[PDB]
Amino acid sequence: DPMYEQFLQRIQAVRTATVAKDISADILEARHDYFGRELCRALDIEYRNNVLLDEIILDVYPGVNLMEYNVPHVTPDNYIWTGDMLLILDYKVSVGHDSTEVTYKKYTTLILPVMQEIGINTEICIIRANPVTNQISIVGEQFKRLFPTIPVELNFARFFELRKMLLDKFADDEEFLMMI
Ligand SMILES: [Cl-]
Ligand SMILES: [Cl-]
Ligand SMILES: [Cl-]
Ligand SMILES: [Mn+2]
Ligand SMILES: [Mn+2]
C-alpha cells in the first residue's frame, strides 16, 4: 500500500525528464528489494540488503585483522554463513542475463581471492527473478543444494503498472527517451 501510493504521488507530480528518470530507477530498485524480502522469507534466512564485505568477514571470522588484507569494499546484497561455507548472495530482477553476468564477474574476481587468502570457503550466488514470468534462476551450486525448491509467491504487476504510467507520461519527451 504505502510504497505504491508514494510512487503514484511522485508520478502524478513529476514534470521533468531528470526527475522522472529517478522515479524509474527507484521503482526498479524497490522491485529488486521486494524480491529480496520475499526470497529470504521463503527460505527462512536473514534478510539483508547491501552488507559491506569487511562486515561480512568480521561476522564469519571475528578474530580477523582487516588491515592485513586488501578487502574490496563491495556491498553484496546478503550472505549466508553456514558455519563451514560462506554464500555471497545478490538478488536480481530482470528478464535477461546481462546484469547477472556483470555482477557474477565482479564478485568472482573481487571477493574470491581475498576470501581464499583469509581462508573462508566462499561461493558467489546470484538469484534472479524474471519479473514477467516469475521464474527463478540461480547461479551457485551450493545454494541450489541447500535450497532445492524456492516456495515464493511473487507479484510484480504493480511495479510494471507504476513504471508504465511514468513511461506513458513521457512518451513524447526526447530527453527522457534518451535517458532510457
Ligand atoms: Cl519534476
Ligand atoms: Cl521545465
Ligand atoms: Cl558492490
Ligand atoms: Mn544491492
Ligand atoms: Mn542485487
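Keep in mind that the numbers below use all heavy atoms, side chains included, and drop hydrogens, waters and symmetry copies. Numbers for residues simply follow the sequence, beginning at 1. One-based numbering, in listed order, for ligands and for the atoms of each.
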key: Which residues share a side-chain hydrogen bond (donor to acceptor under 3.5 Å, both in side chains) with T100, sequence neighbours left out   = none
message = If I take every N, O or S atom of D90, is at least one of them less than 2.8 Å from the Mn ion (ligand 4)?
response = no
task = Please name the atom of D77, restricted to N, O or S, that is closest to the Mn ion (ligand 4).
result = OD1
remark   = Minimal heavy-atom distance between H32 and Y91, with the atoms involved, is NE2-O, 3.1 Å
N/O/S from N50 sitting under 2.8 Å away from the Mn ion (ligand 4) = yes
query = With a cut-off of 6.0 Å (strictly less than), are more than 12 heavy atoms of other residues, nucleotides or ligands near NZ of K105?
reply = no
query = Can a cation-pi geometry be assigned to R31 and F159, taking NZ or CZ under 6.0 Å from the six-membered ring centre and within 45° of the ring axis?
reply = no
